[PDB]
Ligand SMILES: *Cc1cc2c(cc1C)nc1c(=O)[nH]c(=O)nc-1n2C[C@H](O)[C@H](O)[C@H](O)COP(=O)(O)OP(=O)(O)OC[C@H]1O[C@@H](n2cnc3c(N)ncnc32)[C@H](O)[C@@H]1O
Ligand SMILES: *Cc1cc2c(cc1C)nc1c(=O)[nH]c(=O)nc-1n2C[C@H](O)[C@H](O)[C@H](O)COP(=O)(O)OP(=O)(O)OC[C@H]1O[C@@H](n2cnc3c(N)ncnc32)[C@H](O)[C@@H]1O
């Protein structure tokens, strides 16, 4: 196709054309869209940032290509090398709040790996795992399990929503809510196309399945894995798996994810915490309970405005233009039957064991006056618990999409520091975050998701994506929480596109030895710097720091 | 000093002699030894492989050097990059069975990091971790907890002996026997000196601790870590940590390791299995018990001779010079009241929970005919249950050292394939391995250790290090088994010095793609190839493959 809206850097129009002509020859014109519209969650955009904090067309694709299979990927990459054409690989592109499917560098070909590379590759029962291609959503896989009577033997692990890529999310090191909630941790045996075009599998993926007649002359892409590939991550030698999560080191085409066996007993629950300051003692209680396997999963501590926004928009609670007061949140608390904070957990296993745990948990949260315990049955039917009852047993839902509409043309953006699993520290993070929010005039909205020794603090910034004063005030808000949080020893675990640079600039111990060593590994595997340049602040040498850093 | 037995490649007497006087000026002569003796476990050698299968002097150092502090290491690294000198960084060198301290390339300096770098830097109770310099053995750290009555709050996780380096083991991807047995996956935040000489801290350890008067003007090395440095491995960006396990990509100077809080109740146990055959049905039972969480640690499945060898040498069972018959092991089994395979585990937490689990396990294993269940109390003073009942609660011990002395000049070598957790696979592998040991004229000795979805199969080759006819047969055994298991789809998880190249060539999916990529990264970060050339079969460009591989 003829003439695009932004060309990649140093590339003439002539080339872009002799390039996209060559891509069209391989993939067919059906699998190429050249850009010369925000959409929705269900039909996600592949061109730009749908919850945009910078101008709408700031991070913008030049093309979008949907490779049919692994070989088309090698063919594309070969070409990208020949033309020095940056590539932005996506799986589903539902990475909203972090940029969605937009390229960090405008002009890049967005690689729609998920459109056609779709297959649930294997579901293995006795080894309790699955292999997945980029195009399998959480829902795709769920329906795979149901339509195979498999929901009786194995369970999933889902984020808040069901539309996200299984492998896409995992390489982002994202987080879910059962005992198998550490998604990256649950991987074994990845397949990757390298910057140079070669296919690599990792771990025991590197151990070939022994020759037999059935598998002869199969393209490497299409070859089976040897037994232990998806059972043991480490293989032998240096353990390079993690070079492919939050990286531009590779394009991931296959991943193994371990699936949790049906526990033979399930029960979700809600603990409501009356006062705002009950976060402090709550976290303090969750701490020995996490480290000692009374809490089996990844429980969440939600802010009252998180649940409030799922149920109804802002305009239905107050007409005010400024943020909500402390009295007015107690009013939304007493209203919905929730606390200021709300702690959602789940128990897994046979009744005998659930029994003891639950008494231990109840009897621990009892030192907080006015506390209240609910099973899903006890609550209203539109309740958030009644949604997370599904979420913490591996069932994909979409109800939690509703909080994005807490403001007119709603858009979210995550500020995601990590805090100690100590009540003192969590308050500190809160008060530091809560303060700047009120300065930018945003309401505070967030969850703590409870890891073993860590808490992901998801500060949910919603903003009117068509209010230009406010978008700029969020930018100022973000850039400041980052710096503030650092000045207090907190770094963010994951980053939006426009804060990649700054957040990375945050981990500068010993004069940025981490980024330097990272850069070194980038230039070695991607000589011409074509895979996802700029991702996580890692820039190859042909991209000037002065020109490209934000 | 002046005249070693072996110079490194390409390096003159005069050059070596300058390097050596130079190193002496930094570290002091009482930290430098030039070599111009096999030691014990209680005092390990630093020059060569003490359980040598190759000639005794085959893997040999030109000298040992012991840096006092991290700056020393940098200084040394810089001399090595100047003179083109191979380093071989150890912590303790108790890698008996895998080469001990021996340098893969002879003429290397062995860097004894543990001799002075020695300290438990931290033990944090709320965080339930520690920070550890290379020299902190398991016992050392155990003793550190006792001197602060922390034994009552925090528990270790330990390998079969107490001598190993906490981080030595950890970066070899070692294994122990509590809920915390996967040692590598219990690190957070490590410190590395790169081949270039620059100091790197990984993960959150790259977010620096914010400034305050009390820490002003400290060298990088001595600086505190930010609050989330040993709580959250991932940090931000590409996750390089695994690049430093079982590789030559740096010298580790510190590490964080998670510590398990006292569970509040602990019972260990021995289930014995009568027939050689029972191995099969046993493993099928393990599978759901492991996968559903009835089995909380890494339990092991032990071959009779291992136990037997703990209790006396071979000469204490038969004057036989050749392998013990199948029927003789039946005699031995009954002799000390064990089965032909023995299962050891433990239960963690309060009485109510342990009960329910320890029933779930009784019932499951009872399907095996002639089964028998022993708590520690039920067995004789000398028991392996008694030794292990300490081990699966993080107590250092040394009893299991005896089995090394099954044969007159007993030395052990490990063959370490992974197996699925399936009785049918386990049996196939066992059969492949037993057969070959037989053709080699050796007693088959071995444990499976139970990972969640895989089994570590340690075939324990013990042999008489002065028998040359035997040395050669173990050499034939090892190399035959490696291949055999590859032909049946099974890779080795960890390697001895003499088998590193071969093991790697086993992981040759898609025309050795895994090795090649590995070599790229290596050469990038080690322009001069001075860090441990040839570990894991990963050779820098200056080391020609023809000259250097076995
Ligand atoms: C809006 C929102 C988001 C959200 C959430 C709740 C709401 C209402 N709750 C989440 C949660 O509970 N847990 C979680 O991890 N994320 C949460 N989010 C954020 C986000 O929506 C989800 O994480 C979502 O699953 C991520 O989107 P997706 O799975 O579609 O990933 P992607 O769009 O493809 O892009 C992710 C990044 O990964 C890299 N990538 C992806 N595939 C490849 C391949 N195969 N090769 C190389 N790199 C790949 C890209 O760099 C891209 O930036
Ligand atoms: C003889 C024996 C061995 C044994 C065992 C039982 C017996 C009777 N049981 C083991 C077990 O249960 N689990 C396990 O993982 N290993 C077992 N072994 C083997 C061995 O005894 C122990 O594993 C021991 O812990 C290993 O020795 P050590 O901990 O002392 O390690 P090292 O010799 O100092 O070094 C080993 C390799 O690690 C790399 N290394 C070490 N230090 C560094 C630094 N600081 N930087 C970078 N790399 C480092 C080197 O590659 C070195 O060769």
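Here chain A follows Swiss-Prot for its numbers: 6-41, 47-560, in order, are the residues you see.
Including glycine, each Cβ sits where the backbone N, Cα and C put it.
Among the features that Swiss-Prot reports, active site is placed at A:108 (among others). In this structure, residue A:108 (active site) belongs to neither helix nor strand by DSSP; it is coil.
Annotation comment: Swiss-Prot describes A:503 (among others) as active site. When Cβ atoms from all protein chains are considered, those within 10 Å of residue A:503 (active site) total 27, not counting its own.
Annotation source Swiss-Prot lists active site at A:504 (among others). For residue A:504 (active site), the count of additional Cβ atoms within 10 Å of its Cβ stands at 23 [all protein chains shown].
What Swiss-Prot records for A:67-272 is domain 'FAD-binding PCMH-type'.
Summarising the annotation, Swiss-Prot assigns tele-8alpha-FAD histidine to A:422. In the three-state DSSP assignment, the secondary structure recorded for residue A:422 (tele-8alpha-FAD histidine) is strand. Annotation for residue A:422 (tele-8alpha-FAD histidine): spatial neighbours A:61, A:106, A:107, A:413, A:414, A:470, A:471, A:472, criterion Cβ-Cβ under 8 Å with sequence separation of six or more.
Neighbour list (residue A:170 (site 'Important for the catalytic mechanism'), Cβ cut-off 8 Å, at least 6 residues apart, same chain): A:401, A:410. Feature annotation from Swiss-Prot assigns site 'Important for the catalytic mechanism' to A:170.
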Recorded positions (A:108, A:170, A:422, A:504) in Cβ proximity to chain B, threshold under 8 Å: A:504
Integer Å distance between the CA atoms belonging to residue A:108 (active site) and residue A:503 (active site): 12
Integer Cα-Cα distance in angstrom, residue A:504 (active site) to residue A:108 (active site): 8
Direct Cα-Cα distance, rounded to whole Å, spanning the 5 residues left out between residue A:41 and residue A:47: 12
Listed recorded positions with Cβ under 6 Å from ligand 1, out of A:170, A:422, A:503, A:504: A:170, A:422
Around the Cβ of residue A:108 (active site), the count of other Cβ atoms that are within 10 Å: 21
